[PDB]
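Chemist:
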Ligand SMILES: [Mg+2]
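Protein chains in written order, with PDB author numbering: chain A, 51 to 226; chain B, 51 to 226.
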């Protein structure tokens, strides 16, 4: 259920947001958009639990808010090359497509795993630089990597071959 | 060497530019920014061939042009999610960090290979959709993927553990 998705946010994203704001202002701002995107994703999982799978045309419309937060995540990073936190900004900007697992079938889990590999290329740099030197950096990496690992496990149990829609539900081309 | 780098460009990038412009205007526009970045990368190779390795502060300034065109490649893709060629846009935007091999040590080749895996995640989608249907899409993929594979081979041969500087050269910040 959606509570299991929120449990992942509570466990990993919560502390991650705080560490992000503590590390640097532009990392905090980029992660605020990731959090807004994650909230939108939770809402789409809930809508899908209540609705018949929509047409491809309708699906392309439902994903728009997510893609717009992804544009901003990428813009903040690409415009901050001269940040002392560029590897942190990259870990997120180069793996924000994990959000698109909701329109991937039959491999939403592998879609997230691909994006975790891209995040890790940068977070491995952060650990090499900061292990034993800045515990906030180390814990920031742990929270994001664990979030992606646990998101893949959530997908594998609850949306194994694709986001779970409801064949007896209402029309997705709706909202509230 | 500068001439061998240009040879990669002639073999793979030049026909790729023609295919891009032919496929869609936004793909042609994104690829023209990629070419400007490759032109800047060739010039840095030339600079390094004739200059002593500069300070870390100076290296950060020398790569700004490259990074500026990379930001634009990303911007065009992120702004065109309505493109009927989004996988083509993503193959480039998600791998444009291959350009940064010029500041990576001792693993510039693995750096490009990591970016090639990100490009292939998207080009494999293009091939699955278009092999047997649109030879221009197939050839577009082949040229980009072969440019990255040949670039990794070029790095292995001429800049194995890092871009080659000249310890008996001039100042990188200026020429003759
Ligand atoms: Mg990007």
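Every residue, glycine too, gets a C-beta built ideally from N, C-alpha and C.
Compile a chain-ordered list of the residues in the segment 130 to 146 of chain B whose CB is closer than 9 Å to at least one CB of chain A.
Modeler: The segment 130 to 146 of chain B vs chain A, Cβ under 9 Å: 131, 132, 140, 143, 144.
Chemist: Rounded to a whole number of angstroms, what is the C-alpha to C-alpha distance between residue 216 of chain A and residue 179 of chain B?
Modeler: In the first chain, the residue the question calls residue 216 of chain A occupies position 166. In the second chain, the residue the question calls residue 179 of chain B occupies position 129. Taking the straight line joining both Cα atoms gives about 28 Å.
Chemist: So the alpha helix (DSSP H) residue 198 of chain A belongs to, where does it begin and stop?
Modeler: As a first step, residue 198 of chain A is located in the first chain; it is residue number 148 there, counting from the start. Unbroken alpha helix (DSSP H) run through residue 198 of chain A: 185 to 208.
Chemist: Under 8 Å by Cβ, that's how I've got residue 204 of chain A and residue 84 of chain A pegged, so tell me the actual separation to the nearest angstrom.
Modeler: Here residue 204 of chain A is taken as the residue at index 154 of the first chain, counted from 1. Here residue 84 of chain A is taken as the residue at index 34 of the first chain, counted from 1. Wrong, their Cβ atoms sit about 17 Å apart, outside the cutoff.
Chemist: Would residue 231 of chain B pass as a contact of residue 145 of chain B if the rule is Cβ separation under 9 Å?
Modeler: This structure gives no information on residue 231 of chain B, because the portion of chain B shown stretches from 51 to 226.
Chemist: Whole angstroms are fine: how far does the CA of residue 69 of chain A sit from the CA of residue 99 of chain A?
Modeler: Taking the first residue of the first chain as 1, we reach residue 99 of chain A at position 49. Taking the first residue of the first chain as 1, we reach residue 69 of chain A at position 19. Their Cα atoms are separated by approximately 32 Å.
Chemist: May I ask you to list, following chain order, the residues of the segment 108 to 132 of chain A that have a beta carbon less than 8 Å from some beta carbon of chain B?
Modeler: Those would be 114, 117, 120, 121, 124, 125, 128, 129, 131, 132, in chain order.
Chemist: Which residue from A:155, A:147, A:157 puts its Cα closest to that of residue 140 of chain B?
Modeler: Along the second chain, read from residue 1 onward, the residue named residue 140 of chain B stands at position 90. Per the Cα distances, A:147.
Chemist: Can you tell me whether residue 173 of chain B is buried or exposed, with buried defined as 16 or more other CB within 10 angstroms of its CB?
Modeler: Walking along the second chain from the start, residue 173 of chain B turns up at place 123. Classification of residue 173 of chain B: buried, given that the 10 Å Cβ count is 16 or more.
Chemist: Examine chain B for any beta-carbon lying closer than 9 Å to the beta-carbon of residue 148 of chain A, and answer yes or no.
Modeler: What you label residue 148 of chain A is simply residue 98 of the first chain in a count that begins at 1. No, residue 148 of chain A does not count as interfacial toward chain B.
Chemist: Ignoring anything shorter than 4 residues, give me the alpha helix (DSSP H) runs that lie fully in the segment 148 to 190 of chain A, in order along the chain.
Modeler: Taking only runs of at least 4 residues, the alpha helix (DSSP H) segments lying wholly in the segment 148 to 190 of chain A are 158 to 180.
Chemist: Excluding sequence positions up to five away, which residues of its chain have a Cβ less than 8 Å from the Cβ of residue 128 of chain B?
Modeler: As a working note, residue 128 of chain B is residue 78 in the second chain. The residues are 143.
Chemist: So is residue 156 of chain A buried or exposed if we call it buried at 16+ other beta carbons inside 10 Å?
Modeler: Taking the first chain and counting its residues from 1, one reaches residue 156 of chain A at position 106. Per the 10 Å Cβ criterion, exposed.
Chemist: Apart from the five residues just before and just after residue 135 of chain A, which ones in its own chain have a Cβ nearer than 8 Å to its Cβ?
Modeler: Indexing the first chain from 1 puts residue 135 of chain A at position 85. 73, 74, 76, 77.
Chemist: Nearest CA to the CA of residue 170 of chain B: which residue from B:191, B:182, B:181, B:183?
Modeler: Taking the first residue of the second chain as 1, we reach residue 170 of chain B at position 120. Taking only the C-alpha atoms, the option nearest residue 170 of chain B is B:191.
Chemist: What separation, rounded to the nearest whole angstrom, lies between the Cα atoms of residue 122 of chain A and residue 224 of chain B?
Modeler: As a working mapping, residue 122 of chain A is identified with position 72 in the first chain. As a working mapping, residue 224 of chain B is identified with position 174 in the second chain. So the alpha carbons of these two residues sit roughly 37 Å apart.
Chemist: Would you verify that the beta carbon of residue 105 of chain A is, or is not, closer than 9 Å to some beta carbon of chain B?
Modeler: Counting from one through the first chain, the residue named residue 105 of chain A turns up at place 55. So, not an interface residue.
Chemist: Per DSSP, what kind of secondary structure is residue 128 of chain B in: helix, strand or coil?
Modeler: The sequence position of residue 128 of chain B within the second chain is 78, counting from 1. Three-state result, residue 128 of chain B: helix.
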